[PDB]
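Summary of the model geometry
In case you want the letters, here they are:
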Amino acid sequence: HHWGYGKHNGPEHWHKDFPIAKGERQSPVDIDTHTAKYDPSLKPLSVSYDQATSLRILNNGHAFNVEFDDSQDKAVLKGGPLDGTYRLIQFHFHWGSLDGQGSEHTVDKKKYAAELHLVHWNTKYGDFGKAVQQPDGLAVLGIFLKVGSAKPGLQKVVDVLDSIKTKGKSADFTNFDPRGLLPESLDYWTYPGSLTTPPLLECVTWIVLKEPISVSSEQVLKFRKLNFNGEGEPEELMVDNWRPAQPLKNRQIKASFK
Ligand SMILES: NS(=O)(=O)c1nnc(N(Cc2cn(-c3ccccc3)nn2)Cc2cn([C@@H]3O[C@H](CO)[C@@H](O)[C@H](O)[C@H]3O)nn2)s1
Ligand SMILES: [Zn+2]
């Protein structure tokens, strides 16, 4: 499969190889804050990242992933809409060529400069590959980024990007603390959805934080210097690696707050 974010292989084309692209619970979506229903029955979110073990950062030609040791319950997400324990496996971002675009979710149609996805899988399914075949297999925690002041907790990520410029490159990335990427508030919206990249599997409980984090212009500028291409190939800047909002169809977005 040769999917991407260009005119000839971008989101509008994905349905040809991945028909589920036109499915009933596709992501991302627009979050209409005036339609989302406060669900007083949602439990508080439990983000338990103290024992998180980062390993490696990889440019996969679509984004970069920071990978974690998920062979044990080290870094987990519980509570909120979730039943059971979801293990952190990686995080990545989507971002734009310009500060007014880049997020995949939107809020009342507002696009943010970027969006952070912390990907977790349901341990009841034993491994990630099994989990993605289940309607409740994954929980992705989505965090918006807006351009303003620098995010100190992001800088170690920013500084290693020069070493993974092109597709297939990876670098050691141990001892990174993902807690430094969280906003103060854990207020969130939640809805059932999908992976936002092929194979677009409908296996995700989305948890999208209401409070964005601020990153500096210089920080996101360094995201934009990454390459989609591999080494020794013509340069294609890794920018605008976001899927646009998809039809909500028969889904309700629930809010953890009023
Ligand atoms: N925009 S977002 O909604 O959030 C995401 N969009 N894609 C994401 N991942 C990549 C992925 C993998 N698979 C998949 C399909 C069939 C069988 C198995 C996996 N679908 N999407 C999440 C993700 C997966 N992995 C892989 O998981 C495996 C278990 O560790 C192993 O092959 C590697 O470690 C790693 O490549 N990494 N990330 S998330
Ligand atoms: Zn993502």
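Calculation notes
Positions are assigned from 1 on a per-chain basis following the written sequence, which can diverge from the numbering of the entry; residues without coordinates are not listed. Chains and ligands are labelled sequentially in the order written, the chains with letters from A and the ligands with numbers from 1. Computation of side-chain values: all heavy atoms of the structure, hydrogens and water removed. Nearness is judged by heavy atoms alone; a residue qualifies as near a molecule or strand once a single heavy atom is within 4 Å of it. Within 3.5 Å is the distance limit for a polar contact, defined as a pair of N or O atoms, with the added protein rule that one can donate a hydrogen and the other accept it, and that residues adjacent in sequence qualify only through two side-chain atoms. Each accessible area is a Shrake-Rupley estimate made with a 1.4 Å probe; only the visible protein chains count as cover when residues are assessed. We place a 1 Å grid over just the protein atoms. Points where a 1.4 Å probe fits but has no way out form a cavity, open points with protein on both sides within 12 Å along at least 5 of 7 lines form a pocket, and any residue with an atom within 4 Å of a point lines it. Pocket occupancy is defined atom-wise: a molecule lies in a cavity or pocket when more than half of its atoms are within 2 Å of its grid points. Put simply, DSSP H or I for four residues or longer makes a helix, DSSP E for two residues or longer makes a strand, and each gets a number counted from the N terminus. Any N, O or S atom lying within 2.8 Å of the metal counts as a donor, and for Na, K and Ca the limit rises to 3.2 Å; water is left out, so some sites can look incomplete. Every angle between 85 and 135 degrees makes a four-donor site tetrahedral, while opposite donors more than 155 degrees apart, with all other angles between 65 and 115, make a four-donor site square planar and a six-donor site octahedral; other sites are irregular. In what follows, salt bridge is the name for a side-chain nitrogen of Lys or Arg lying within 4 Å of a carboxyl oxygen of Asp or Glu. UniProt positions are given in the numbering used here, feature names are shortened, and annotations may be inferred rather than shown by experiment. The contact criterion used is simple: two residues touch if any of their non-hydrogen atoms lie within 4.5 Å. Throughout this description, buried means an accessible area under 20% of the type-specific maximum (1.4 Å probe, protein chains only), exposed means over 50%, and partly exposed covers the range between. In this tally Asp and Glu are treated as negative and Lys and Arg as positive; neither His nor the chain ends contributes. One requirement defines pairing of two strands: DSSP has to find at least two bridges between them.

Taken together, 14 residues sit near ligand 1, with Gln90, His92, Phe128, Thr196 and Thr197 positioned nearest. Within the contact set of ligand 1, a nitrogen atom lies 2.7 Å away from a side-chain nitrogen or oxygen of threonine 196. With respect to ligand 1, the side chain of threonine 197 contributes an N or O atom lying 2.9 Å from a nitrogen atom. For ligand 1, whose unbound accessible area comes to 760 Å², protein coverage reaches 61%. Cavity membership is defined here by more than half of the atoms lying within 2 Å of grid points; on that basis ligand 1 lies in the largest pocket. Contributions of two or more residues to the shell around ligand 1 are made by β7 (86-95), β9 (114-122) and α1 (128-131). The element contributing the most residues to the shell around ligand 1 is β7, with four residues.

What follows is about the coordination of the zinc ion (ligand 2). For the zinc ion (ligand 2), every protein donor is listed as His92 (NE2), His94 (NE2) and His117 (ND1), and the spread of their distances is 2.0 to 2.1 Å. Classification of the site at the zinc ion (ligand 2) as tetrahedral follows from its four donor atoms and the range of 99 to 115° in their angles at the metal.

Take the pattern of salt bridges next. Here the structure, examined in full by the defined rule, presents ten salt bridges. Salt-bridge contacts for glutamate 67 lead to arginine 56; the nearest nitrogen and oxygen are separated by 2.6 Å. In this pair, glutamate 67 sits in strand β5 (residues 64-68) while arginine 56 sits in strand β4 (residues 54-59), placing the two residues eleven residues apart along the sequence. Across the pair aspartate 73 and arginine 87 runs a salt bridge whose closest N-O atoms are separated by 2.6 Å. Highlighted residues: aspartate 73 in the loop between β5 and β6 (76-79) and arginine 87 in strand β7, separated in sequence by 14 residues.

For the rest of this paragraph, the subject is the UniProt feature "active site" in the protein chain. Under the UniProt annotation, "active site" lies at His62. Locating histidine 62 in the fold gives a position in the loop between β4 and β5. In contact with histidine 62, not counting residues within four places along its chain, are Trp3, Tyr5, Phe228, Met238 and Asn241.

Let us now look at the side chain of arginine 243. Locating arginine 243 in the fold gives a position in the loop between α3 (217-223) and β15 (254-255). Summary of buried charges: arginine 243 has no salt-bridge partner, and the nearest side chain of opposite charge, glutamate 104, is 7.0 Å away. Of note is the side chain of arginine 243, whose polar atom sits 3.2 Å from the backbone oxygen of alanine 21. One polar contact links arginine 243 to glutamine 26, side chain to side chain, over a distance of 2.7 Å. Setting aside its immediate chain neighbours within four residues, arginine 243 contacts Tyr5, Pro11, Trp14, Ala21, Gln26, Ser27, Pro28, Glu104, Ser194, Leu195, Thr196 and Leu200.

This part takes up the UniProt feature "domain: Alpha-carbonic anhydrase" in the protein chain. Feature annotation in UniProt places "domain: Alpha-carbonic anhydrase" on residues 1-257, given in this structure's numbering. Taken end to end, residues 1-257 comprises 7% helix and 29% strand; its first and last C-alpha atoms sit 41 Å apart.

By the secondary structure assignment, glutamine 26 is in the segment before β1 (30-31). Judged by its relative accessible area of 1%, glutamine 26 falls in the buried class. Spatially, the C-alpha atom of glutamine 26 lies 7.6 Å from that of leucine 195, the residues being 169 residues apart in sequence. For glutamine 26, the contacting residues outside a window of four places in its chain are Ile20, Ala21, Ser194, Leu200, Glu202, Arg243, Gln246 and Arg251. A polar atom in the side chain of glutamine 26 sits 3.1 Å from the side chain of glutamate 202.

When you line up the elements, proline 178 lands in the loop between β11 (170-172) and β12 (188-193). Separated by 124 residues in the primary sequence, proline 178 and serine 54 place their C-alpha atoms 8.6 Å from one another.

Turning to unusual backbone geometry, a few remarks are in order. Looking along the chain, the bond that leaves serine 27 and enters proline 28 is cis, with omega of 0°. Along the polypeptide, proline 28 turns up in the segment before β1. For the bond from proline 198 to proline 199, the omega torsion is 15°, close enough to zero to count as cis. Here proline 199 shows up in the loop between β12 and β13 (204-209).

Time to look at the pairing of β4. The pairing of β4 with β5 spans five bridges and is classified as antiparallel. Paired with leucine 58 across the bridge in β5 is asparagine 65. In this structure, the hairpin formed by β4 and β5 is closed by a connection of four residues, where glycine 61 is found at a positive phi of approximately 85°. In this structure, β4 lies alongside β11, joined through three bridges in antiparallel fashion. Residue pairing for β11: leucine 58 is matched across the bridge by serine 170.

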